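Beneath this line is the structure, given in structure tokens, with notes to follow.
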Ligand SMILES: *[C@@H]1O[C@H](CO)[C@@H](O[C@@H]2O[C@H](CO)[C@@H](O[C@@H]3O[C@H](CO)[C@@H](O)[C@H](O)[C@@H]3O)[C@H](O)[C@H]2NC(C)=O)[C@H](O)[C@H]1NC(C)=O
Ligand SMILES: *[C@@H]1O[C@H](CO)[C@@H](O[C@@H]2O[C@H](CO)[C@@H](O)[C@H](O)[C@H]2NC(C)=O)[C@H](O)[C@H]1NC(C)=O
Ligand SMILES: *[C@@H]1O[C@H](CO)[C@@H](O[C@@H]2O[C@H](CO)[C@@H](O)[C@H](O)[C@H]2NC(C)=O)[C@H](O)[C@H]1NC(C)=O
Ligand SMILES: *[C@@H]1O[C@H](CO)[C@@H](O[C@@H]2O[C@H](CO)[C@@H](O)[C@H](O)[C@H]2NC(C)=O)[C@H](O)[C@H]1NC(C)=O
Ligand SMILES: *[C@@H]1O[C@H](CO)[C@@H](O)[C@H](O)[C@H]1NC(C)=O
Ligand SMILES: *[C@@H]1O[C@H](CO)[C@@H](O)[C@H](O)[C@H]1NC(C)=O
Ligand SMILES: *[C@@H]1O[C@H](CO)[C@@H](O)[C@H](O)[C@H]1NC(C)=O
Ligand SMILES: *[C@@H]1O[C@H](CO)[C@@H](O)[C@H](O)[C@H]1NC(C)=O
């Protein structure tokens, strides 16, 4: 809010401020560019499917156990097991800044249907393979779907069938370690923790800035008009208006830099969801170290979490070749 | 059908339309800014001379030379941000031209929705327009399938395809098109026991 | 007006314990929000009056001229209490007693009815609410529609194979440059 931040609950400060022109009609215009943009990035990552598929009640995918990441009906929200750990690991009287016109708006897509997209992508990538991302969905047995992925890597499909029991147990054990390991180290969520820190810490400096004198007598507007004559009181006030105002245009400039950077990250995430999920990518290390097989998305506060599944060769022996 | 789709509405070309809007609108604010007094005696310059002597006019002209300069500084910073955005968009277009035009791209959902065949570029004011040609499967049918087949006490697998049966006889066909074929050793390969 | 400490707000009672010498309490922003009455020694608490933002919902001027204002981030049981003369900065107070008021997460809406059926978004509001102009015409507010729900029959032994195909053409637009300028 323009006027209240500069001229707190003052009537003689407001009219003097009007002489400075249309300086802060840009701030309403500039900030709304950021506000509209943030409702677009979320819609460009999760809304790539126009059919809300649902998982069948039976969870027997030839031995594989996906119950770890499927939504849980018992929980009041439709959040999976891993998705619940993320919320507890992210922290969002400090809300007294409302009194200085520093409003905060809510996102268009609230958290509840954000997971609904995630459920749709997870359901449609285990019963229809990847064809559902190119038109009509086609069901394929999951136990035999892995054969196509192994063929793409370079190994013949026979290898999968000989070790179906072995491969399922190894994969099932792998996902179990992810649950505890995520909460083991505190720096895992660092790339998300700083986002809520930066967008909250910067507000504190803006509020704390208006307590400085900026070369005037006092930091409060009321006493100046009640102690000094109107003819020269405009000198001290003008020394203070240009102080707070300049400190405000610094804040908006900082927001533009950060906003221009997040967009460069959301677009990369959009490609990751488009390629590493809806298909198999031949690019190296783009969807995780080692040969790529599949990946699953998971929602998170102000971000997304990917779970890549990769193939890695074990011990070897040396031979002689011609 | 592309002929009228472009001319069907006016919001189809929104992406290019507001690019010039966001630049002309910035100029108008810059032009109208110089009319602001910045709290001084008068906005126009020469009027502030005849109405005062030559000792306190400096504070009355400093405000008219910093505001007219600080506002210009703000406009320049806006241009830098937008330039840093167009630069990122231009590089994407070059990548699209180098892949979706001069060849066939295997990357999914990069040169149009669905499987990609070819694309054609078209010029535009301050932009480029592509025409992606894509292949999309039509209606399908349910089927019954098995992973492997055991004939001489040994298993066989489809070399390139999948086993399928209409309930009476077994067949092997392509992944993306229905073309049943008779089972054939030259069309399969044997590996290991079928137990 | 407390010994020249002019201001504006609503005064309540607080449990803060001023020491015998303390008279004024400050905050993070270094402004007065706790004063002691000179005559009767009690610890009052000062907070500024309520406020918020205003947004107007409207279709194009070519369509009907009906509107629906919004009050951001305020309990909706407050501004209807302000139904008097010359108490609010907006002067179009005819809509204070408007249509059926509706309460949302981002404030409350005046001039629309919360229908049950859901469509795709037309005018974004917040917290999954988008208004539109449906049919005898009116402005309505409803809930998000994520697309038609569908299910895929999954079985241990079955597969679908396409028996035909189609060819489609899709367009795409990208900016390449902006107007060169100099000053
Ligand atoms: C599943 O597909 C197979 C392969 O097409 C079907 O078997 C074939 O069906 C055709 C059409 O009925 C048969 O052609 C005709 O068969 C009669 C039988 O008396 C014959 O007199 C005609 O001269 C003509 O050849 C074909 O023989 C038959 N082949 C075999 C090996 O049975 C089968 O009917 C399909 N099952 C369904 C649709 O349920
Ligand atoms: C998938 O794995 C989970 C995790 O181990 C299994 O759930 C466990 O089931 C055992 C007994 O069946 C319980 O003692 C554990 O408390 C369960 N843990 C959790 C986290 O639910 C689940 O049964 C497995 N599903 C399948 C189909 O194998
Ligand atoms: C035949 O194919 C259809 C798909 O085209 C299978 O799915 C049935 O049809 C529609 C699919 O959306 C659903 O309304 C039905 O309920 C589906 N059937 C069942 C039992 O779920 C169908 O299962 C296939 N039938 C056979 C015998 O293979
Ligand atoms: C696959 O779909 C195409 C598209 O409809 C079918 O082509 C149609 O065939 C009928 C009968 O010959 C014609 O009357 C239509 O004019 C054709 N449509 C077009 C767009 O040319 C084709 O027949 C389908 N494939 C099969 C095997 O039926
Ligand atoms: C208003 O709508 C009518 C009917 O759709 C149309 O004929 C007319 O051109 C429109 N006018 C404007 C200014 O859009
Ligand atoms: C206003 O505050 C009361 C206090 O409990 C609350 O019940 C009510 O929901 C609030 N109004 C809105 C619109 O949230
Ligand atoms: C929506 O449906 C419920 C039925 O549970 C009904 O009580 C309610 O009146 C409906 N709302 C509207 C606006 O018709
Ligand atoms: C697939 O069908 C049911 C699904 O519940 C399963 O129990 C059965 O074992 C499977 N069929 C075969 C042949 O494995």
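Protein chains in written order, with the authors' numbering: chain A, 734 to 825, 846 to 1075; chain B, 930 to 1124; chain C, 539 to 673, 686 to 733.
Each residue gets a CB set at the ideal place from its N, CA and C atoms; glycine is no exception.
Closer than 8 angstroms: residue i CB and nearest ligand 7 heavy atom
| i | result |
| --- | --- |
| residue 700 of chain C | no |
| residue 653 of chain C | yes |
Within 9 angstroms, strictly: CB atoms of residue i and residue j
| i | j | result |
| --- | --- | --- |
| residue 636 of chain C | residue 609 of chain C | no |
| residue 554 of chain C | residue 563 of chain C | yes |
| residue 959 of chain B | residue 1018 of chain B | no |
| residue 854 of chain A | residue 734 of chain A | yes |
| residue 891 of chain A | residue 710 of chain C | yes |
| residue 887 of chain A | residue 1091 of chain B | no |
| residue 917 of chain A | residue 896 of chain A | yes |
| residue 910 of chain A | residue 860 of chain A | no |
| residue 705 of chain C | residue 894 of chain A | yes |
| residue 881 of chain A | residue 726 of chain C | no |
| residue 572 of chain C | residue 557 of chain C | no |
| residue 548 of chain C | residue 587 of chain C | yes |
Residues sharing a beta bridge with residue i, DSSP
| i | result |
| --- | --- |
| residue 631 of chain C | Partner(s): none; residue 631 of chain C has no beta bridge. |
| residue 1085 of chain B | B:1078, B:1119 |
| residue 1038 of chain B | The partner list for residue 1038 of chain B (beta bridge, DSSP) is empty, contrary to what the question assumes. |
| residue 543 of chain C | C:540 |
| residue 1069 of chain B | C:712 |
| residue 562 of chain C | C:573 |
| residue 668 of chain C | C:662, C:692 |
| residue 1053 of chain B | B:1056 |
| residue 551 of chain C | C:582 |
| residue 870 of chain A | DSSP output for residue 870 of chain A lists no bridge partner at all. |
Any non-hydrogen atom of ligand 4 closer than 8 angstroms to residue i Cβ
| i | result |
| --- | --- |
| residue 715 of chain C | yes |
| residue 1067 of chain B | yes |
Own chain, CB closer than 7 angstroms to residue i, minus 5 neighbours either side, in chain order
| i | result |
| --- | --- |
| residue 667 of chain C | 642, 691, 693 |
| residue 984 of chain A | none |
| residue 963 of chain B | 997 |
| residue 967 of chain A | 992, 993, 996 |
| residue 822 of chain A | 936, 942 |
Contacts around residue i, its chain only, beta-carbon distance under 8 angstroms, and the 5 residues preceding and following it disregarded
| i | result |
| --- | --- |
| residue 1122 of chain B | 1082, 1083, 1084 |
| residue 818 of chain A | 932, 935, 936 |
| residue 580 of chain C | 551, 574 |
| residue 1007 of chain B | 955 |
| residue 1104 of chain B | 1090, 1091 |
| residue 621 of chain C | 631, 634, 635 |
| residue 570 of chain C | 543, 545, 562, 563, 564, 584 |
Proximity test, residue i beta-carbon vs ligand 6 heavy atom, cut-off 8 angstroms
| i | result |
| --- | --- |
| residue 641 of chain C | yes |
| residue 613 of chain C | yes |
| residue 646 of chain C | yes |
Cβ-heavy atom distance, residue i to ligand 1, below 8 angstroms
| i | result |
| --- | --- |
| residue 1097 of chain B | yes |
Residue i beta carbon near ligand 2 (any heavy atom closer than 8 angstroms)
| i | result |
| --- | --- |
| residue 801 of chain A | yes |
| residue 929 of chain A | yes |
| residue 957 of chain A | no |
| residue 925 of chain A | yes |
Ligand 8 heavy atom lying under 8 angstroms from the CB of residue i
| i | result |
| --- | --- |
| residue 657 of chain C | no |
| residue 707 of chain C | yes |
| residue 914 of chain A | no |
| residue 791 of chain A | yes |
Beta-carbon contacts of residue i that lie in its chain and below 6 angstroms, excluding the five residues immediately before and after
| i | result |
| --- | --- |
| residue 1028 of chain B | 1034 |
| residue 757 of chain A | 735 |
| residue 1041 of chain A | 1061, 1063 |
| residue 1109 of chain B | 1100, 1102 |
Contact test: residue i Cβ vs ligand 3 heavy atom, cutoff 8 angstroms
| i | result |
| --- | --- |
| residue 1073 of chain B | yes |
| residue 787 of chain A | no |
Distance cut-off 8 angstroms: residue i Cβ against heavy atoms of ligand 5
| i | result |
| --- | --- |
| residue 603 of chain C | no |
- Item | Touching by the beta-carbon criterion (3+ pairs, under 8 angstroms), the region 707-722 of chain C and the region 1053-1068 of chain B | yes
- Count the CB pairs spanning the region 748-767 of chain A and the region 801-819 of chain A that are closer than 8 angstroms, and state whether there are at least three. no
- Given 8 angstroms as the limit, is there contact between the region 860-869 of chain A and the region 963-979 of chain A, that is, 3 or more CB pairs closer than that? no
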